[PDB]
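K.L.:
So the protein sequences, as listed, match chains A, B, C, D and E.
In this note's numbering, each residue carries its 1-based index in the first sequence increased by 1140.
In this note's numbering, each residue carries its 1-based index in the second sequence increased by 1140.
In this note's numbering, each residue carries its 1-based index in the third sequence increased by 1140.
In this note's numbering, each residue carries its 1-based index in the fourth sequence increased by 7.
In this note's numbering, each residue carries its 1-based index in the fifth sequence increased by 31.
Every residue gets a Cβ at the ideal spot worked out from N, C-alpha and C, and that includes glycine.
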Amino acid sequence: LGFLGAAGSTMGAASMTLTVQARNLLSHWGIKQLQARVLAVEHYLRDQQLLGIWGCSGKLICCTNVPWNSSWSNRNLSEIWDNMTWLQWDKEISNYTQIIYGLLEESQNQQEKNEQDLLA
Amino acid sequence: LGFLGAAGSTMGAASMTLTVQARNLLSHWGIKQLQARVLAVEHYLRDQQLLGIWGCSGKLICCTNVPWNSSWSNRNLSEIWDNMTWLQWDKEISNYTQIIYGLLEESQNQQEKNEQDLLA
Amino acid sequence: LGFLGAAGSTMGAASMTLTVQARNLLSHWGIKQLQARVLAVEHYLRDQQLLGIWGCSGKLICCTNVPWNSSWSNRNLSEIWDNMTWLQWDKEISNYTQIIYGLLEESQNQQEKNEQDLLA
Amino acid sequence: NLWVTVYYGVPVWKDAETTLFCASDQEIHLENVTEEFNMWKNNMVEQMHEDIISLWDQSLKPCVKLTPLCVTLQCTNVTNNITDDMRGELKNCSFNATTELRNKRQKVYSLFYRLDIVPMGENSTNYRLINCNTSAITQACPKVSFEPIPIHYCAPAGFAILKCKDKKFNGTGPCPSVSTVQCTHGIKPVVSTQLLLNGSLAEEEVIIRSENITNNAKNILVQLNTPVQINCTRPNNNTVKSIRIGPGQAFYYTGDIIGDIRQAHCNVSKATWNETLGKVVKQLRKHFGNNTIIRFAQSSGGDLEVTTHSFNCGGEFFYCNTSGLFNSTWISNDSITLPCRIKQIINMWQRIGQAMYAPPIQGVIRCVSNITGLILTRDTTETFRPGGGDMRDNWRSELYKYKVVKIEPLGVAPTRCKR
Amino acid sequence: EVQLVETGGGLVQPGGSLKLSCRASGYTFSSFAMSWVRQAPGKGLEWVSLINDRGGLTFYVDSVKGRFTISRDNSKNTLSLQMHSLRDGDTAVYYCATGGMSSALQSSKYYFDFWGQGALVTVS
Ligand SMILES: *[C@@H]1O[C@H](CO)[C@@H](O[C@@H]2O[C@H](CO)[C@@H](O[C@@H]3O[C@H](CO)[C@@H](O)[C@H](O[C@H]4O[C@H](CO)[C@@H](O)[C@H](O)[C@@H]4O)[C@@H]3O)[C@H](O)[C@H]2NC(C)=O)[C@H](O)[C@H]1NC(C)=O
Ligand SMILES: *[C@@H]1O[C@H](CO)[C@@H](O[C@@H]2O[C@H](CO)[C@@H](O)[C@H](O)[C@H]2NC(C)=O)[C@H](O)[C@H]1NC(C)=O
Ligand SMILES: *[C@@H]1O[C@H](CO)[C@@H](O[C@@H]2O[C@H](CO)[C@@H](O)[C@H](O)[C@H]2NC(C)=O)[C@H](O)[C@H]1NC(C)=O
Ligand SMILES: *[C@@H]1O[C@H](CO)[C@@H](O[C@@H]2O[C@H](CO)[C@@H](O)[C@H](O)[C@H]2NC(C)=O)[C@H](O)[C@H]1NC(C)=O
Ligand SMILES: *[C@@H]1O[C@H](CO[C@@H]2O[C@@H](C)[C@@H](O)[C@@H](O)[C@@H]2O)[C@@H](O)[C@H](O)[C@H]1NC(C)=O
Ligand SMILES: *[C@@H]1O[C@H](CO[C@@H]2O[C@@H](C)[C@@H](O)[C@@H](O)[C@@H]2O)[C@@H](O)[C@H](O)[C@H]1NC(C)=O
Ligand SMILES: *[C@@H]1O[C@H](CO[C@@H]2O[C@@H](C)[C@@H](O)[C@@H](O)[C@@H]2O)[C@@H](O)[C@H](O)[C@H]1NC(C)=O
Ligand SMILES: *[C@@H]1O[C@H](CO[C@@H]2O[C@@H](C)[C@@H](O)[C@@H](O)[C@@H]2O)[C@@H](O)[C@H](O)[C@H]1NC(C)=O
Ligand SMILES: *[C@@H]1O[C@H](CO[C@@H]2O[C@@H](C)[C@@H](O)[C@@H](O)[C@@H]2O)[C@@H](O)[C@H](O)[C@H]1NC(C)=O
Ligand SMILES: *[C@@H]1O[C@H](CO[C@@H]2O[C@@H](C)[C@@H](O)[C@@H](O)[C@@H]2O)[C@@H](O)[C@H](O)[C@H]1NC(C)=O
Ligand SMILES: *[C@@H]1O[C@H](CO)[C@@H](O)[C@H](O)[C@H]1NC(C)=O
Ligand SMILES: *[C@@H]1O[C@H](CO)[C@@H](O)[C@H](O)[C@H]1NC(C)=O
Ligand SMILES: *[C@@H]1O[C@H](CO)[C@@H](O)[C@H](O)[C@H]1NC(C)=O
Ligand SMILES: *[C@@H]1O[C@H](CO)[C@@H](O)[C@H](O)[C@H]1NC(C)=O
Ligand SMILES: *[C@@H]1O[C@H](CO)[C@@H](O)[C@H](O)[C@H]1NC(C)=O
Ligand SMILES: *[C@@H]1O[C@H](CO)[C@@H](O)[C@H](O)[C@H]1NC(C)=O
Ligand SMILES: *[C@@H]1O[C@H](CO)[C@@H](O)[C@H](O)[C@H]1NC(C)=O
Ligand SMILES: *[C@@H]1O[C@H](CO)[C@@H](O)[C@H](O)[C@H]1NC(C)=O
Ligand SMILES: *[C@@H]1O[C@H](CO)[C@@H](O)[C@H](O)[C@H]1NC(C)=O
Ligand SMILES: *[C@@H]1O[C@H](CO)[C@@H](O)[C@H](O)[C@H]1NC(C)=O
Ligand SMILES: *[C@@H]1O[C@H](CO)[C@@H](O)[C@H](O)[C@H]1NC(C)=O
Ligand SMILES: *[C@@H]1O[C@H](CO)[C@@H](O)[C@H](O)[C@H]1NC(C)=O
Ligand SMILES: *[C@@H]1O[C@H](CO)[C@@H](O)[C@H](O)[C@H]1NC(C)=O
Ligand SMILES: *[C@@H]1O[C@H](CO)[C@@H](O)[C@H](O)[C@H]1NC(C)=O
Ligand SMILES: *[C@@H]1O[C@H](CO)[C@@H](O)[C@H](O)[C@H]1NC(C)=O
Ligand SMILES: *[C@@H]1O[C@H](CO)[C@@H](O)[C@H](O)[C@H]1NC(C)=O
Ligand SMILES: *[C@@H]1O[C@H](CO)[C@@H](O)[C@H](O)[C@H]1NC(C)=O
Ligand SMILES: *[C@@H]1O[C@H](CO)[C@@H](O)[C@H](O)[C@H]1NC(C)=O
Ligand SMILES: *[C@@H]1O[C@H](CO)[C@@H](O)[C@H](O)[C@H]1NC(C)=O
Ligand SMILES: *[C@@H]1O[C@H](CO)[C@@H](O)[C@H](O)[C@H]1NC(C)=O
Ligand SMILES: *[C@@H]1O[C@H](CO)[C@@H](O)[C@H](O)[C@H]1NC(C)=O
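Right, dumping it as structure tokens:
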């Protein structure tokens, strides 16, 4: 039930421990320790900025309007959520995360403009 | 009307100055000053992360689905909002804030899963 | 199509590149480099805090309930969005941004209180 | 009617100062941006100045400090075939040096340049080193070169460096062709006085830059559009010897010279130099009158460090007399030989409390470099003389095209959209 | 001169389908919202559908809401309407018109500036 305890569990089980890991992301001699702390903050903020760009700010589970390409993975839901742990899944689609991230950004950019014109 | 000016006022009056305090949370010799600045940022981010975990990201007043236990405090609304300043209130329930924070996290975790299954 | 590429384009064109600039805001000898990094983070967080205070957290385009005073600028939409680049616009209303920011904060403070009383 | 709409990620910036970082061993055009540039108010110059000095000082921290050598020296004339130009330039000096053991001494003789020693009590056998009354000399480490390796300056996130691409830009005013760069080009921290060596050339024409051209208290930086090649040499074969003056501490010195003793010098093609000045004169006449007289003259005064062309040639420090380059009046396969003095005890930066000993280099020295600009001062008939004592001018000549700005991504504008 | 030319269909059986299209020229197609306005042989004008200049937002009159699709191609300057289940009540002249909406950074419309001549759709 602690940090990374679910690392060996199935994706559908591990997805219930997202707050366990989220809370462990934040907290001349002594300078390299400041560099490590500053860097940890910068890393954290980049992931948070990215979620904001995709329209997922403030949440751990975020649904989008980006469809899945089976060229990315053609496994079904029982193969992915009831087997392939998150470590296994990450390896399998590592080659596609930049394509997916680009498509999440493009979608949010269309959504924010369509919503401003409906408030007009 | 300045920072902490409302500290001696009633909770229902002090609650109208939340932006006054929120804006004053952000801004070898010289190293201890960097440590103080890095630490101030880390503190800030932990409170913001915690609000996000509870589903209160981006707001100063956030209503939740967590009921009040009168074992925490059995005072009524006139006792709490028209007397007991925030300093007094903080002392009275200090023993219960970890129980309340845990219950806020558990509630948000159920809310995000119930909302993803209704978008399915 | 890169960072600040749209700087010489019209406001209505440049507004479509907001993610290009947003992503370039984040990333004794060596101390002044830590000071620069800590400062960059603090600057970033102040702008993000300010958007949160105004109720614009998590978005690049945010509509508000603050009307425009033509004392601030009496130009029409074709003058502003189909000419005056953002650099030109920023010069023209620089004298009024603190008035506008104050009015955005006041509006959000009324909105959050009206919404808590409708959930009651 | 219209409502305030908040936008974040807006391509807006303001002038700003910050700390730039190194990069040592990408460009966006910004199509309709016109920006105001102002070299001389460019803080990138001040940062480079401080960083170069700091790195210089850091490199001497682990080197031998020559305090055992602040002793009386007994100096006589060198028993060799010294030409007229070199008479009095070298002295053969004997002294009692410390050794690795505290209770022992050794007798050492070495050759010193006359510029590095001073008589005591006006006595012709007893001399001391120049700095014994003001400072401790530190010997530069023989394993550390003085080569001006290029440095790039990069902006921190939230900042950007703008670059002016206008080929006729004179350092100030609007620049119609501006691009954004991540980091500057590599700039070589070449340290020299009146002639700027190994810098960037002008793309089309000689460019004359001055903070206030009519103000005779200001320097004029002249960028050439063609290099002038200058060949410098120290035509003497130096035998370098060393002694231990302490526990693992070695002192390096010239023991002797093999063969005849001749003066160090630099060669500038006569024809190339005359073409170069003609171009400079044509451009000066655009600020000064057309039916005028432009005269070049030698530096008017001051110490050797400012009246000569100072540079590092293969590790040795040369002080060349340029009166052969700046002696002409322009009214409406030969070469020029410039005599050079050599010093081992130098002060580098315009400072009082520091001094460095440059150990001698074994053998014969030759170096070839490009003159890429001049530093001139001004007194009908206008007279121009060499200047350049302040190193910040050398760096202005490379950094003039860059500006640092801060990005201001948040802004508001009216729209028909309401919450 | 702005021209909108309908090049759609004619006679269709009840319960069938018919697609209309309109070619635009003389203006920047992509700068304007467009709509379809219908006129029954003996009646006045009725608004049927509206599409955004970027093609992302569509609106319909309730009577065709689950039956008609309005679309746009900004590369080919073409407006189109796909009609399904075609009731006898859908017989009308269908006009291609420019207007009915703006994009928040533009002055508003809420009127129709240009009209085509209209395709006659008959359901028998
Ligand atoms: C203007 O630019 C030119 C072109 O770059 C520059 O000329 C170069 O100067 C360097 C340094 O004097 C020369 O490099 C040396 O060449 C000799 C001959 O082969 C070598 O023996 C040297 O190696 C010894 O010394 C080093 C320390 O400096 C040690 O690290 C090394 O282990 C050896 O002991 C060294 O390689 C280079 O050859 C010339 N280039 C040309 C084309 O002549 C000139 O100096 C610049 N001018 C100014 C004022 O900066
Ligand atoms: C600079 O020019 C002088 C000529 O004025 C060169 O001197 C000659 O050098 C050659 C050897 O290469 C000798 O044979 C000649 O006798 C020398 N002439 C005179 C008048 O002394 C000198 O070598 C040139 N420079 C440099 C920098 O190497
Ligand atoms: C500097 O002076 C010393 C003497 O004080 C010279 O060295 C002597 O040279 C003669 C030959 O002429 C030898 O017989 C002696 O034994 C040498 N003495 C010592 C102590 O080595 C030296 O050559 C002179 N230096 C130069 C560059 O001329
Ligand atoms: C460079 O050489 C010139 C000579 O060619 C020196 O100029 C002379 O300076 C003295 C003063 O000390 C004057 O009395 C002479 O009249 C000058 N000569 C000429 C021909 O004008 C000059 O001082 C030298 N510069 C350096 C830095 O050594
Ligand atoms: C799905 O992907 C198909 C093939 O895309 C190519 O292969 C994938 C693995 C990536 O490497 C991608 O960069 C390549 O272009 C597309 O042909 C197909 O259209 C995509 N589906 C979509 C986007 O509708
Ligand atoms: C989900 O997939 C199960 C496994 O399918 C088989 O094995 C995988 C690894 C692939 O090679 C696939 O092509 C094979 O057919 C099926 O047994 C199961 O029925 C599927 N579930 C559903 C609802 O379709
Ligand atoms: C309310 O709390 C009741 C007592 O809980 C106990 O006392 C409080 C003060 C805490 O110390 C807590 O940890 C103890 O368990 C519960 O019996 C009651 O069920 C709670 N009400 C709820 C959760 O419905
Ligand atoms: C709110 O409470 C007021 C005070 O109640 C009394 O004093 C407090 C400190 C406790 O000891 C409590 O048990 C006592 O009864 C009441 O006067 C007031 O009427 C209450 N208001 C409402 C709406 O119930
Ligand atoms: C719009 O502004 C009018 C004038 O306000 C004054 O001038 C502007 C430029 C600012 O300097 C402001 O501080 C000055 O008070 C007001 O008279 C008018 O009421 C304002 N409109 C509103 C708020 O409804
Ligand atoms: C938008 O404004 C255009 C320009 O108006 C004129 O020039 C500006 C700079 C001011 O001095 C203004 O008072 C002048 O009248 C008009 O040509 C255009 O028609 C206006 N558009 C709308 C929809 O009103
Ligand atoms: C490890 O696998 C077993 C089945 O072999 C399962 O019962 C157990 O819950 C798994 N562990 C975790 C952390 O999921
Ligand atoms: C693993 O995958 C299969 C489908 O491939 C699925 O039937 C099963 O539920 C998954 N998990 C288990 C329990 O083996
Ligand atoms: C991923 O990319 C590698 C090459 O980098 C390729 O060999 C592999 O087949 C790709 N497929 C996967 C694992 O999705
Ligand atoms: C302090 O108490 C008095 C009543 O005694 C009240 O009028 C005043 O507003 C209070 N001060 C603050 C800051 O609330
Ligand atoms: C304080 O508490 C009582 C209830 O205990 C309430 O009647 C009153 O409004 C509160 N504030 C004041 C004004 O005393
Ligand atoms: C809080 O806890 C302390 C012990 O830590 C206890 O004495 C006190 O009665 C508790 N009650 C309060 C003040 O809520
Ligand atoms: C610069 O202006 C021209 C019109 O003169 C326009 O076509 C071009 O797109 C503009 N550049 C940018 C970056 O908007
Ligand atoms: C500039 O402003 C005018 C209104 O002043 C407007 O008609 C035009 O669309 C704008 N842009 C262009 C394309 O000149
Ligand atoms: C802005 O303020 C300056 C004084 O600071 C004033 O001269 C100018 O007229 C004002 N108006 C603008 C440019 O909006
Ligand atoms: C030094 O010069 C004299 C006079 O010309 C000559 O006799 C002597 O041989 C020269 N010395 C050497 C080492 O050649
Ligand atoms: C030594 O050289 C100087 C020139 O600097 C000269 O005046 C002096 O007479 C020479 N002395 C002897 C003994 O040769
Ligand atoms: C070196 O020491 C000797 C005595 O051993 C002395 O005669 C000579 O003058 C000293 N040398 C110097 C330069 O003082
Ligand atoms: C050292 O002595 C020289 C004369 O040889 C003099 O000019 C200089 O000012 C003196 N330095 C100090 C620090 O007194
Ligand atoms: C540099 O250019 C500016 C702008 O044209 C001009 O005002 C200034 O006098 C020029 N200065 C020199 C030295 O050319
Ligand atoms: C430039 O120098 C002249 C003197 O030659 C002086 O009168 C003028 O005020 C100076 N200009 C500036 C901007 O400093
Ligand atoms: C310099 O002396 C060395 C011996 O140390 C010799 O090998 C070399 O050829 C000499 N060079 C010249 C130019 O005399
Ligand atoms: C400098 O040396 C080069 C060869 O390295 C030669 O071609 C050139 O003519 C020389 N320049 C002068 C002024 O002697
Ligand atoms: C330099 O140029 C001037 C003017 O054309 C000419 O009179 C003079 O003879 C030239 N000198 C040389 C060395 O070419
Ligand atoms: C100065 O002379 C040049 C020719 O050398 C000529 O082109 C230019 O127009 C003249 N300028 C003035 C102000 O007379
Ligand atoms: C300048 O040149 C003349 C010959 O034209 C020469 O007599 C004079 O000595 C030279 N001046 C200097 C400082 O070299
Ligand atoms: C002088 O400039 C030419 C042309 O750019 C270049 O090829 C040459 O290497 C430069 N010389 C030196 C010493 O850098």
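Output yes or no for whether 8 Å exceeds the beta carbon distance between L81 (chain E) and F90 (chain E).
P.N.:
Yes, the Cβ-Cβ distance between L81 (chain E) and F90 (chain E) is below 8 Å.
K.L.:
Taking 8 Å as the CB-CB limit, is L81 (chain E) close to chain D?
P.N.:
No, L81 (chain E) does not count as interfacial toward chain D.
K.L.:
Would you tell me roughly how many angstroms separate the C-alpha atoms of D397 (chain D) and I264 (chain D), rounded to the nearest one?
P.N.:
C-alpha separation (whole angstroms): 35 Å.
K.L.:
Using a threshold of 8 Å, state whether the C-beta atoms of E415 (chain D) and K21 (chain D) are closer than that.
P.N.:
In contact: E415 (chain D) and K21 (chain D) (Cβ atoms closer than 8 Å).
K.L.:
If we define contact as Cβ-Cβ less than 8 Å, is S1197 (chain A) a contact residue for chain C?
P.N.:
Answer yes: the Cβ-Cβ gap between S1197 (chain A) and chain C drops below 8 Å somewhere.
K.L.:
Counting along the chain, where does the alpha helix (DSSP H) carrying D1187 (chain A) start and finish?
P.N.:
Counting along the chain, the alpha helix (DSSP H) containing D1187 (chain A) begins and ends at 1171 to 1193.
K.L.:
Run the CB neighbour count on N1164 (chain A), radius 10 Å, all protein chains shown included, and call it buried at 16 or more, exposed below.
P.N.:
Burial call: exposed.
K.L.:
Please indicate yes or no: does the CB of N238 (chain D) lie closer than 7 Å to some heavy atom of ligand 31?
P.N.:
Because no heavy atom of ligand 31 lies under 7 Å away, the Cβ of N238 (chain D) does not count as near it: no.
K.L.:
In the structure shown, what three-state DSSP assignment does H56 (chain D) receive?
P.N.:
In this structure, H56 (chain D) counts as helix in the three-state DSSP scheme.
K.L.:
Run through DSSP, which three-state label would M93 (chain D) get?
P.N.:
In this structure, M93 (chain D) counts as helix in the three-state DSSP scheme.
K.L.:
Are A135 (chain E) and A1260 (chain A) touching if we call contact CB-CB under 8 Å?
P.N.:
In contact: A135 (chain E) and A1260 (chain A) (Cβ atoms closer than 8 Å).
K.L.:
Ends of the alpha helix (DSSP H) at residue 1 (chain D)?
P.N.:
Any property of residue 1 (chain D) remains undetermined from this structure, which presents chain D solely from 8 to 426.
K.L.:
Spell out the partners DSSP gives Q70 (chain E) in its beta bridges.
P.N.:
Beta-bridge pairing links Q70 (chain E) to E:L76, E:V124.
K.L.:
Kindly indicate if chain A contains any beta-carbon less than 8 Å away from that of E1252 (chain B).
P.N.:
It does: the Cβ of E1252 (chain B) has a partner Cβ on chain A nearer than 8 Å.
K.L.:
Is the region 241 to 251 of chain D in contact with the region 363 to 373 of chain D, if contact means three or more CB pairs nearer than 8 Å?
P.N.:
Taking 8 Å as the limit for Cβ pairs, the verdict is that the region 363 to 373 of chain D does touch the region 241 to 251 of chain D.
K.L.:
What are the residues in the region 133 to 146 of chain E lying within 8 Å of chain C by C-beta distance?
P.N.:
Cβ contacts with chain C: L136, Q137, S138.
K.L.:
Could you tell me whether the Cβ of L88 (chain E) comes closer than 8 Å to any Cβ of chain A?
P.N.:
Cβ-Cβ to chain A under 8 Å: yes for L88 (chain E).
K.L.:
Between the C-alpha atoms of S101 (chain D) and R135 (chain D), what's the straight-line distance to the nearest angstrom?
P.N.:
Roughly 11 Å between the two C-alpha positions.
K.L.:
Which one of D:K425, D:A420, D:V411 has the shortest CA to CA distance from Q189 (chain D)?
P.N.:
Per the Cα distances, D:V411.
K.L.:
Do you know whose CA, among D:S61, D:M46, D:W280, D:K408, lies nearest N377 (chain D)'s CA?
P.N.:
Nearest option by C-alpha distance: D:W280.
K.L.:
Quick one: does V1206 (chain C) have its CB under 8 Å from some CB of chain A?
P.N.:
For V1206 (chain C), the answer is no, since every Cβ of chain A falls outside 8 Å of its Cβ.
K.L.:
Find the residues of chain B that neighbour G1192 (chain C), judging by a C-beta separation of less than 7 Å, and give them in chain order.
P.N.:
Going along chain B in sequence order, the residues near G1192 (chain C) (Cβ under 7 Å) are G1198.
K.L.:
Any heavy atom of ligand 1 closer than 7 Å to the CB of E312 (chain D)?
P.N.:
Incorrect: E312 (chain D) has no Cβ contact closer than 7 Å to ligand 1.
K.L.:
Does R423 (chain D) come within less than 8 Å of chain E when only Cβ atoms are used?
P.N.:
Judged by the 8 Å Cβ criterion, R423 (chain D) is in contact with chain E.
K.L.:
I want to check one thing, is the minimum distance from the CB of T86 (chain D) to the heavy atoms of ligand 3 below 7 Å?
P.N.:
Yes, ligand 3 has a heavy atom inside 7 Å of this Cβ.
K.L.:
According to DSSP, is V115 (chain D) part of a helix, a strand, or is it coil?
P.N.:
Here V115 (chain D) sits in strand by DSSP.
K.L.:
Would you report the Cα separation of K174 (chain D) and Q137 (chain E), rounded to the nearest angstrom?
P.N.:
Going from the Cα of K174 (chain D) to the Cα of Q137 (chain E) covers about 40 Å.
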